[PDB]
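The structure under discussion appears below in the form of structure tokens.
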Number of protein chains: 2
Amino acid sequence: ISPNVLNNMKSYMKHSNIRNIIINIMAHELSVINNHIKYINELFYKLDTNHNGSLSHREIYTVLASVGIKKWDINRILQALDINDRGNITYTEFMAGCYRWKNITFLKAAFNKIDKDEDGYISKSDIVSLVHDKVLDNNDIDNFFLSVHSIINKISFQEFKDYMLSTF
Amino acid sequence: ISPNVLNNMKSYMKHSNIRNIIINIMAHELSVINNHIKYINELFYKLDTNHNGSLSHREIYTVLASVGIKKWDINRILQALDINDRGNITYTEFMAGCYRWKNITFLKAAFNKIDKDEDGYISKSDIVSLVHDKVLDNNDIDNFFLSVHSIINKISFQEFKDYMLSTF
Ligand SMILES: [Ca+2]
Ligand SMILES: [Ca+2]
Ligand SMILES: [Ca+2]
Ligand SMILES: [Ca+2]
């Protein structure tokens, strides 16, 4: 096992259950992202029929054609993808055109999930709810709020962001 | 091919070469992230010796022990990872403790790469430099600056962010 993963675990073990629950929300979002990338990865592998790790115009053309994209569209896609005009398209270049960039921050999305009522503040009750399936109690929650504010018993996105960043 | 990937390509083809060059910077950052996740994925697969898609305490214990982590550390890692105290640790929970969260936004990182001199503004010369390995010229660059400001011939992070978001 790589030392960086080992060191990550050792740092993780020192934080509170609530901090790490919050980390798990973000971890779910990485899993989702990574699933999309995996599909693109499998797509790339199928297009690369000579298995040379890059895509020619023809390799992409013949597949887009067989799936209903018309010549005029395929050619515009090809010239957008081939950003270096090399006649060979890299994994990174292919994936840039395949990935849905809409809604691309991890911390903001986690905060929004926690703020159940979308009022822009994380209340005590928002944390009670977050831990509804965990054996944690009111002592743990109070500690978390003190930690956040040691850097109104409510938390703005900025105070949320500032706390989480200080734990990395 | 899934229709969402096809639609992503069709939207990508409509944007400028410079917009898409900027997208490629972010795409590289997704590749990096995805490589880390792939390692964690392969690690998870090796630990899961009964291939039931989750990790018992023992499965993790026996491996951390064989690599130099001491009992007292392994146990703290186990109780941090087992966030639901289930005796079974999920892929998401494992990955939360293995991933380096330090420096976790895509647009900010792209902007910083483009702002060569770290002055907080994207100048005309920063874009000239960005396209140094592309056949693009001064006409293309001017178009890009007009587009950004149609929503000082310089670009702040906010104006950069606002333009990119409007193209998603
Ligand atoms: Ca190929
Ligand atoms: Ca709230
Ligand atoms: Ca298992
Ligand atoms: Ca600059």
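Reminder, nothing fancy here: chain letters follow the sequence lines and each chain counts from 1. Only this structure's heavy atoms are used, side chains among them; waters, hydrogens and symmetry mates stay out.
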From [X] [atom1] over to [Y] [atom2], what is the distance, rounded to the nearest 0.5 angstrom?
{"X": "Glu29(B)", "Y": "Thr92(A)", "atom1": "CD", "atom2": "OG1", "result": "10.5 Å"}
{"X": "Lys10(A)", "Y": "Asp73(B)", "atom1": "NZ", "atom2": "CG", "result": "4.5 Å"}
{"X": "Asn34(A)", "Y": "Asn34(B)", "atom1": "CG", "atom2": "CG", "result": "5.0 Å"}
{"X": "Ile69(A)", "Y": "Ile1(B)", "atom1": "CD1", "atom2": "CD1", "result": "7.5 Å"}
{"X": "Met9(A)", "Y": "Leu64(B)", "atom1": "CE", "atom2": "CG", "result": "5.5 Å"}
{"X": "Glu93(A)", "Y": "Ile23(B)", "atom1": "CD", "atom2": "CD1", "result": "13.5 Å"}

Determine whether [X] and [Y] make a side-chain contact, defined as any pair of heavy atoms from C-beta on separated by less than 4.5 Å.
{"X": "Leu81(A)", "Y": "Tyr12(B)", "result": "yes"}
{"X": "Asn17(A)", "Y": "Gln79(B)", "result": "no"}
{"X": "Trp101(B)", "Y": "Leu107(A)", "result": "no"}
{"X": "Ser31(B)", "Y": "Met95(A)", "result": "no"}
{"X": "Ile33(A)", "Y": "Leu30(B)", "result": "yes"}
{"X": "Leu165(A)", "Y": "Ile104(B)", "result": "no"}

Got a sec: does the [atom1] of [X] have more than 12 other heavy atoms crowding it under 6.0 Å?
{"X": "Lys46(B)", "atom1": "NZ", "value": "yes"}
{"X": "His15(B)", "atom1": "NE2", "value": "yes"}
{"X": "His57(A)", "atom1": "NE2", "value": "yes"}
{"X": "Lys116(B)", "atom1": "NZ", "value": "no"}

Under 4.5 Å between side-chain heavy atoms, hopping through other hydrophobics if needed: is there a path connecting [X] to [Y]?
{"X": "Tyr45(A)", "Y": "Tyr99(A)", "result": "no"}
{"X": "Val67(A)", "Y": "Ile40(A)", "result": "yes"}
{"X": "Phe157(B)", "Y": "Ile151(B)", "result": "yes"}

Considering only heavy atoms, which portion of [X] lies under 4.5 Å from any heavy atom of chain B: side chain, backbone, both, or neither?
{"X": "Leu78(A)", "value": "neither"}
{"X": "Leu6(A)", "value": "side chain"}
{"X": "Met164(A)", "value": "neither"}
{"X": "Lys14(A)", "value": "both"}
{"X": "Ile25(A)", "value": "neither"}
{"X": "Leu43(A)", "value": "side chain"}
{"X": "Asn41(A)", "value": "side chain"}
{"X": "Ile77(A)", "value": "both"}

Review point. Just by distance, do the side chain of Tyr39(B) and the backbone of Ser2(A) share a donor-acceptor pair under 3.5 Å?
Key: yes
Practice item. Considering only heavy atoms and a distance below 4.5 Å, find which of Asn4(A), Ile21(A), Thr167(A), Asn24(A) pairs most often with chain B. Key: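 The option with the most such pairs is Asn24(A).
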**Study point:** Taking every non-hydrogen atom, the tightest pair across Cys98(A) and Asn8(B)
**Key:** O-ND2, 2.6 Å
